[PDB]
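**Student:** For reference, the structure I am asking about is given below.
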Amino acid sequence: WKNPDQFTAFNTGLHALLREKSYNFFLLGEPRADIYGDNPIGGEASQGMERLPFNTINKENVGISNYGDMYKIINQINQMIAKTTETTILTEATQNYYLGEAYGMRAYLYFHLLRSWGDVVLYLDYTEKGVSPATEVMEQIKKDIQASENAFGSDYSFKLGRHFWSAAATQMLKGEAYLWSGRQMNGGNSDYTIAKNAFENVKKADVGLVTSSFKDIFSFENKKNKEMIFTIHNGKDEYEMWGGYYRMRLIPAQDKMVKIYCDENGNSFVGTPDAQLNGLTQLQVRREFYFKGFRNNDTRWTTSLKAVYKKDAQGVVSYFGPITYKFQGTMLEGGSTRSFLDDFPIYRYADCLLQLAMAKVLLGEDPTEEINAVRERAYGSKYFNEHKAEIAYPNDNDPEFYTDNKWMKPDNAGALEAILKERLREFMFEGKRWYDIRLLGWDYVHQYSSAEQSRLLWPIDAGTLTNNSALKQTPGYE
């Protein structure tokens, strides 16, 4: 640590460690809710992935072992904090920026741990005994958020890019953390006010909605667009999205696309871009959801999912199921299959708006603007402006669509439900739905998952327990 380049390299390494946990962030934040649970349509064994939608994880089958391997990241962050605080070799602005990032990343990891495991060890040392109560975990998260925001100050520039932690990333996390303490830990209105203000502060950065289309948010060719507050950089010869687990958990086999399935007209995917897809599906979006997720002309529908069909020997074309479609990757010259090299968004501007909407509702304030900014982008201004009475908030009520729809309610069921619905539509495959329902509490968890109220946290595996005799099993999983 005599050369400023060693700080740059170590910081880059911290961000690479976080990137390795992309897949775990997805798993922790999404598949225990209501999106998945059908058998893979292509016939794959789900190989234990089903224990997430079925909420059958337990002390023998934990879903994710060893706290998602987050503690060895925390150890390295703790080292960066100490070395950066001590050093005299950096400019004040450089030193502060690194501290803003390191404190923010530490809080971010601990906030996954709080929501997922509850009471956890507060490890604040580095190397190169028992848990603290959830309340004390949250106090540490808040302390690190304060340290982070104070270090960044008024510098909301993306000094190291949108794929590195920044002041707006800390404000997003702050909003999430104060919503959680407000709603889950009796904080009430004063915490909702802090949260609201944090989400408002995100707007100080150069952020806004990508309006051209929903698809352009995620495209390989439009990375680090203005919607990205914090996004995980993946790329050729650097890292595959989710370390390969997107392709190998959510994507259909090429042979099914080429030989077995057809489109809605009864025609083959041979000769089309969809013939390039090749992966393995162990988590299957519910087949019924494809027709109960989105109103007509919401472009998020066919950007997020594609319906596949089969044409029988009698010529009859029948709906077979949906395939995961949001992340399209790229086709490398010379290749025969798609490469899943998209960046993985963590915080997007639509997330700011919808969580701002949440904080507002919790305070009794009007969320209309935020909800409708997101909807207008989804339908496009032309269609939105022509169909406000049908699909603008608070008018998205169609009785037929909402009948036999276990995933969502008409707008007239209330603003909280409307924001849950909006987030569901907006954030498929982005790791949000389980955390959304968990934030609002058991009534919503129970509507939108098969979880049991005594088992809302995650169990701890035996390998982890027997390594640290001070640890007890998660309450409810004994």
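A note on labels: chains of the structure tokens are A, B, ... as shown, every chain counts residues from 1, and ligands are counted from 1 in their shown order.
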I'd like the neighbourhood of segment 402-414 of chain A as a PyMOL selection string, where a residue qualifies if any of its atoms comes within 7 Å (using only C-alpha atoms), though same-chain residues fewer than 5 positions away should be ignored.
**Tutor:** chain A and resi 292+393-397+421+448
**Student:** Applying 8 Å and only C-alpha atoms, which residues near segment 137-154 of chain A remain after dropping the ones on its own chain fewer than 4 positions away? List them as a PDB file with N, CA and C atoms, in the first residue's frame.
**Tutor:**
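Contents of the output file around37.pdb:
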```pdb
ATOM      1  N   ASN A  96     -11.613   9.760   0.214  1.00  0.00           N
ATOM      2  CA  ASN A  96     -13.024   9.825   0.591  1.00  0.00           C
ATOM      3  C   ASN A  96     -13.892   8.959  -0.304  1.00  0.00           C
ATOM      4  N   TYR A  97     -13.617   8.969  -1.599  1.00  0.00           N
ATOM      5  CA  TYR A  97     -14.437   8.202  -2.520  1.00  0.00           C
ATOM      6  C   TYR A  97     -14.329   6.706  -2.187  1.00  0.00           C
ATOM      7  N   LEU A  99     -13.595   5.367   0.704  1.00  0.00           N
ATOM      8  CA  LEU A  99     -14.272   5.115   1.959  1.00  0.00           C
ATOM      9  C   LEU A  99     -15.787   5.111   1.732  1.00  0.00           C
ATOM     10  N   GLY A 100     -16.291   6.028   0.899  1.00  0.00           N
ATOM     11  CA  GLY A 100     -17.725   6.028   0.606  1.00  0.00           C
ATOM     12  C   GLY A 100     -18.127   4.683   0.029  1.00  0.00           C
ATOM     13  N   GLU A 101     -17.309   4.167  -0.882  1.00  0.00           N
ATOM     14  CA  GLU A 101     -17.593   2.879  -1.481  1.00  0.00           C
ATOM     15  C   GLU A 101     -17.492   1.715  -0.508  1.00  0.00           C
ATOM     16  N   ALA A 102     -16.444   1.696   0.317  1.00  0.00           N
ATOM     17  CA  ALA A 102     -16.202   0.570   1.190  1.00  0.00           C
ATOM     18  C   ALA A 102     -17.254   0.479   2.308  1.00  0.00           C
ATOM     19  N   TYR A 103     -17.522   1.612   2.961  1.00  0.00           N
ATOM     20  CA  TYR A 103     -18.587   1.623   3.984  1.00  0.00           C
ATOM     21  C   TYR A 103     -19.938   1.242   3.338  1.00  0.00           C
ATOM     22  N   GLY A 104     -20.211   1.740   2.133  1.00  0.00           N
ATOM     23  CA  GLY A 104     -21.488   1.447   1.469  1.00  0.00           C
ATOM     24  C   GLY A 104     -21.614  -0.040   1.156  1.00  0.00           C
ATOM     25  N   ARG A 106     -20.072  -2.501   2.625  1.00  0.00           N
ATOM     26  CA  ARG A 106     -20.209  -3.271   3.852  1.00  0.00           C
ATOM     27  C   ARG A 106     -21.665  -3.285   4.335  1.00  0.00           C
ATOM     28  N   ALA A 107     -22.286  -2.111   4.353  1.00  0.00           N
ATOM     29  CA  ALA A 107     -23.696  -1.986   4.747  1.00  0.00           C
ATOM     30  C   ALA A 107     -24.582  -2.815   3.811  1.00  0.00           C
ATOM     31  N   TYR A 108     -24.281  -2.785   2.513  1.00  0.00           N
ATOM     32  CA  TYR A 108     -25.070  -3.505   1.521  1.00  0.00           C
ATOM     33  C   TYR A 108     -25.095  -5.006   1.799  1.00  0.00           C
ATOM     34  N   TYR A 110     -24.310  -6.518   4.733  1.00  0.00           N
ATOM     35  CA  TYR A 110     -24.989  -6.749   5.978  1.00  0.00           C
ATOM     36  C   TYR A 110     -26.502  -6.639   5.860  1.00  0.00           C
ATOM     37  N   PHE A 111     -27.012  -5.814   4.931  1.00  0.00           N
ATOM     38  CA  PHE A 111     -28.465  -5.679   4.746  1.00  0.00           C
ATOM     39  C   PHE A 111     -29.062  -6.919   4.054  1.00  0.00           C
ATOM     40  N   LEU A 114     -29.080  -9.341   7.077  1.00  0.00           N
ATOM     41  CA  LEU A 114     -30.174  -9.042   8.025  1.00  0.00           C
ATOM     42  C   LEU A 114     -31.506  -9.604   7.523  1.00  0.00           C
ATOM     43  N   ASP A 119     -30.234 -12.416  12.847  1.00  0.00           N
ATOM     44  CA  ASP A 119     -29.143 -12.214  13.798  1.00  0.00           C
ATOM     45  C   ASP A 119     -27.870 -12.822  13.194  1.00  0.00           C
ATOM     46  N   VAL A 120     -26.824 -12.028  13.033  1.00  0.00           N
ATOM     47  CA  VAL A 120     -25.593 -12.497  12.408  1.00  0.00           C
ATOM     48  C   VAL A 120     -24.400 -11.899  13.137  1.00  0.00           C
ATOM     49  N   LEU A 122     -21.353  -9.649  13.707  1.00  0.00           N
ATOM     50  CA  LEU A 122     -20.850  -8.369  13.225  1.00  0.00           C
ATOM     51  C   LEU A 122     -19.324  -8.423  13.228  1.00  0.00           C
ATOM     52  N   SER A 132     -24.909 -11.054  16.690  1.00  0.00           N
ATOM     53  CA  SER A 132     -25.560  -9.892  17.289  1.00  0.00           C
ATOM     54  C   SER A 132     -27.039  -9.918  16.936  1.00  0.00           C
ATOM     55  N   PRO A 133     -27.875  -9.382  17.822  1.00  0.00           N
ATOM     56  CA  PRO A 133     -29.294  -9.302  17.494  1.00  0.00           C
ATOM     57  C   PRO A 133     -29.529  -8.460  16.240  1.00  0.00           C
ATOM     58  N   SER A 166     -21.232   4.235  -5.516  1.00  0.00           N
ATOM     59  CA  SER A 166     -21.272   5.709  -5.631  1.00  0.00           C
ATOM     60  C   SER A 166     -22.209   6.264  -4.565  1.00  0.00           C
ATOM     61  N   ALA A 167     -22.271   7.589  -4.474  1.00  0.00           N
ATOM     62  CA  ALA A 167     -23.136   8.238  -3.509  1.00  0.00           C
ATOM     63  C   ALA A 167     -24.606   7.890  -3.696  1.00  0.00           C
ATOM     64  N   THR A 170     -25.347   4.484  -2.224  1.00  0.00           N
ATOM     65  CA  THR A 170     -25.543   4.597  -0.770  1.00  0.00           C
ATOM     66  C   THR A 170     -26.935   5.175  -0.450  1.00  0.00           C
ATOM     67  N   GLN A 171     -27.415   6.182  -1.165  1.00  0.00           N
ATOM     68  CA  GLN A 171     -28.748   6.722  -0.893  1.00  0.00           C
ATOM     69  C   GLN A 171     -29.869   5.713  -1.187  1.00  0.00           C
ATOM     70  N   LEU A 173     -29.542   2.395  -0.899  1.00  0.00           N
ATOM     71  CA  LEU A 173     -29.453   1.444   0.196  1.00  0.00           C
ATOM     72  C   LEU A 173     -30.021   2.071   1.472  1.00  0.00           C
ATOM     73  N   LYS A 174     -29.727   3.336   1.696  1.00  0.00           N
ATOM     74  CA  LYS A 174     -30.274   4.054   2.865  1.00  0.00           C
ATOM     75  C   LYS A 174     -31.806   4.038   2.832  1.00  0.00           C
ATOM     76  N   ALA A 177     -32.969   0.548   3.716  1.00  0.00           N
ATOM     77  CA  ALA A 177     -32.719   0.197   5.109  1.00  0.00           C
ATOM     78  C   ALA A 177     -33.694   0.904   6.047  1.00  0.00           C
ATOM     79  N   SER A 181     -36.384  -0.730   8.547  1.00  0.00           N
ATOM     80  CA  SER A 181     -36.542  -0.491   9.988  1.00  0.00           C
ATOM     81  C   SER A 181     -37.879   0.160  10.301  1.00  0.00           C
TER      82      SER A 181
END
```
**Student:** Can you tell me, as an MDAnalysis selection string, which residues in segment 232-445 of chain A count as helix (DSSP H, G or I) by DSSP?
**Tutor:** chainID A and resid 241:244 247:250 254:260 273:276 287:291 300:304 349:362 368:379 381:386 388:391 399:402 411:413 415:426 433:440 442:445
**Student:** Could you pull the residues within 7 Å of residue 337 of chain A, counting only C-alpha atoms, minus those fewer than 5 positions along the same chain, as number ranges by chain?
**Tutor:** A: 276-278
**Student:** Using only C-alpha atoms, can you tell me which of A:285, A:470, A:359, A:424 comes closest to residue 198 of chain A?
**Tutor:**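 Using only C-alpha atoms, the shortest distance to residue 198 of chain A belongs to A:359.
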**Student:** I'd like the neighbourhood of residue 429 of chain A as a ChimeraX atom specification, where a residue qualifies if any of its atoms comes within 12 Å (using only C-alpha atoms), though same-chain residues fewer than 3 positions away should be ignored.
**Tutor:** /A:22-23,25-31,33,35-36,218,242,246,249-251,283-285,303-305,323-327,344-346,423-426,432-434
**Student:** With a distance cut-off of 8 Å and only C-alpha atoms, select the neighbouring residues of segment 67-71 of chain A, excluding the residue or stretch itself and same-chain residues fewer than 6 positions from it, and output the selection as a PyMOL selection string.
**Tutor:** chain A and resi 21+24+109+113+117+123+460
**Student:** Mind writing the picked residues with N, CA, C and O atoms as a PDB file, in the first residue's frame?
**Tutor:**
```pdb
ATOM      1  N   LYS A  21     -21.123 -12.630  -6.225  1.00  0.00           N
ATOM      2  CA  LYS A  21     -22.343 -12.870  -5.455  1.00  0.00           C
ATOM      3  C   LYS A  21     -23.633 -12.446  -6.149  1.00  0.00           C
ATOM      4  O   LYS A  21     -24.690 -12.564  -5.559  1.00  0.00           O
ATOM      5  N   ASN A  24     -26.231 -15.129  -5.991  1.00  0.00           N
ATOM      6  CA  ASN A  24     -26.803 -15.199  -4.646  1.00  0.00           C
ATOM      7  C   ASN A  24     -27.731 -14.043  -4.340  1.00  0.00           C
ATOM      8  O   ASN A  24     -28.752 -14.253  -3.677  1.00  0.00           O
ATOM      9  N   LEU A 109     -23.929  -5.573   2.086  1.00  0.00           N
ATOM     10  CA  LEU A 109     -23.842  -6.986   2.386  1.00  0.00           C
ATOM     11  C   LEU A 109     -24.548  -7.314   3.703  1.00  0.00           C
ATOM     12  O   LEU A 109     -25.301  -8.286   3.770  1.00  0.00           O
ATOM     13  N   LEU A 113     -27.707  -9.856   4.628  1.00  0.00           N
ATOM     14  CA  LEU A 113     -27.622 -10.796   5.765  1.00  0.00           C
ATOM     15  C   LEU A 113     -28.771 -10.605   6.760  1.00  0.00           C
ATOM     16  O   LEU A 113     -29.369 -11.562   7.217  1.00  0.00           O
ATOM     17  N   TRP A 117     -30.795 -13.927   7.011  1.00  0.00           N
ATOM     18  CA  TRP A 117     -30.443 -14.697   8.200  1.00  0.00           C
ATOM     19  C   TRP A 117     -30.797 -14.063   9.553  1.00  0.00           C
ATOM     20  O   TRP A 117     -30.890 -14.792  10.522  1.00  0.00           O
ATOM     21  N   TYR A 123     -18.773  -8.753  12.071  1.00  0.00           N
ATOM     22  CA  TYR A 123     -17.357  -8.881  11.851  1.00  0.00           C
ATOM     23  C   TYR A 123     -16.896  -7.567  11.213  1.00  0.00           C
ATOM     24  O   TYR A 123     -17.281  -7.239  10.064  1.00  0.00           O
ATOM     25  N   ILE A 460     -29.183 -22.291   8.488  1.00  0.00           N
ATOM     26  CA  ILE A 460     -27.722 -22.375   8.453  1.00  0.00           C
ATOM     27  C   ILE A 460     -27.299 -23.833   8.290  1.00  0.00           C
ATOM     28  O   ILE A 460     -27.779 -24.700   8.989  1.00  0.00           O
TER      29      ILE A 460
END
```
**Student:** Interatomic distance between atom CA of residue 430 of chain A and atom CA of residue 204 of chain A?
**Tutor:** 23.9 Å
